[PDB]
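Trainee:
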Amino acid sequence: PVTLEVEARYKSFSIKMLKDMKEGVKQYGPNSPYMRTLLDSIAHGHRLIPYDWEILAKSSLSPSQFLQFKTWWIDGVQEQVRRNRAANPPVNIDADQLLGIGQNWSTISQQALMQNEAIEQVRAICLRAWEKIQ
Amino acid sequence: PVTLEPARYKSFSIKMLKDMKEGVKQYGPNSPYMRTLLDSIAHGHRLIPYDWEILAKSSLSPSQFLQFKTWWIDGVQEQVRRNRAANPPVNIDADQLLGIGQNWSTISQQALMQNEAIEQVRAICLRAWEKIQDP
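Residue numbers (the authors' numbering), protein chains in the order written: chain B, 1 to 5, 21 to 149; chain A, 1 to 6, 23 to 151.
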């Protein structure tokens, strides 16, 4: 997660939290009330960049579950970019920022400068993607 | 939880607290389910004593809550003995670990707690939670 001291600083997830979450997904399922409670609290209790989401997902999910998450992340990005382009005025956030990739957004330091609207879009897209894991 | 390390505070969502209360109702405070969920939350967020109080009070029956608080205080008493006896001494007292008194009763004060104190609070409260008995 990113903290805004404004000066943005990145702090990695707790190793124990990650271990807890991987074991919880395994025992209860990625969308059990168990995981929904935990994940929602983390997502809304922190400023998460795409890097954070990639870490949470890759660490917590089985390989097949992770593939599902990524496809739905990409699906949510398609829809979001469409809404961004159609907004009046257009919202200048594209897929590179929402996925955390490319020359402008691939590094943690770049992503840490993401504005509120972008953070909110990433949060909604990734929570939806997680919820769509079957 | 505290949203900026030493600083400000954001409450748990009403929904999250409802889920925790339902989880305790369905599975009990010391199900592996609740134990690992609590552990996850406690390592996923920076919890001050005020958070622990809200979580416990919201999730537990009055008698379970009294047990939790009794064991939190007991664990604090043991931790303070250890802090005093440490070489060098750890300058963390019972009022900080419990979030009480002139120095620590407010969220604004608690939000300035450093890592060692947050960690001590976490260990003590997780242990106290485990000491709660079922109906």
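Ideal Cβ placement from N, Cα and C applies to all residues, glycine included.
Please classify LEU82 (chain A): is it buried, with 16 or more other beta-carbons within 10 angstroms of its beta-carbon, or exposed?
Mentor: Counting from one through the second sequence, the residue named residue 82 (chain A) turns up at place 66. That one is exposed.
Trainee: Under 8 Å between C-beta atoms, does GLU38 (chain B) make it to chain A?
Mentor: As a first step, residue 38 (chain B) must be located in the first sequence, where it is residue number 23. Interface residue, yes.
Trainee: Quick check on this structure: which residue in A:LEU71, A:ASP67, A:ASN103 has the alpha carbon closest to the alpha carbon of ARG24 (chain A)?
Mentor: If you number the second sequence from 1, residue 24 (chain A) lands on position 8. If we check each option's Cα against that of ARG24 (chain A), A:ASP67 comes out closest.
Trainee: Nearest to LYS31 (chain A) by CA position, among A:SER75, A:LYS147, A:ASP90, is which residue?
Mentor: Translated into positions along the second sequence, residue 31 (chain A) becomes position 15. Among A:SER75, A:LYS147, A:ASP90, the Cα nearest to that of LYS31 (chain A) belongs to A:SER75.
Trainee: Spatial neighbours of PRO1 (chain B) within its chain, please: C-beta separation below 7 Å, excluding the five flanking residues on both sides.
Mentor: Position 1 of the first sequence holds residue 1 (chain B). Hits under 7 Å: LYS26, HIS61, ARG62, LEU63, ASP67.
Trainee: Comparing alpha-carbon positions, which option in B:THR122, B:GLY91, B:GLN125 lies nearest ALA110 (chain B)?
Mentor: Taking the first sequence and counting its residues from 1, the one referred to as residue 110 (chain B) is at position 95. Considering only alpha carbons, the answer is B:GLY91.
Trainee: Measuring only from the beta carbon, is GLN112 (chain A) closer than 7 Å to any heavy atom that is part of the ligand GDP?
Mentor: The model depicted lacks the ligand GDP and carries no ligand whatsoever.
Trainee: Which value, in whole angstroms, describes the spacing of the CA atoms of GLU38 (chain B) and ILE57 (chain A)?
Mentor: As a working note, residue 38 (chain B) is residue 23 in the first sequence. As a working note, residue 57 (chain A) is residue 41 in the second sequence. So the two alpha carbons sit approximately 14 Å from each other.
Trainee: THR3 (chain A) by DSSP, collapsed to three states: which one?
Mentor: Numbered from 1 along the second sequence, position 3 holds the residue referred to as residue 3 (chain A). Coil.
Trainee: Can you give me the start and stop residues for the beta strand (DSSP E) that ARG62 (chain B) sits inside?
Mentor: Here residue 62 (chain B) corresponds to residue number 47 of the first sequence, with the count starting at 1. It is not in any beta strand (DSSP E) - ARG62 (chain B) carries neither H nor E in the DSSP assignment.
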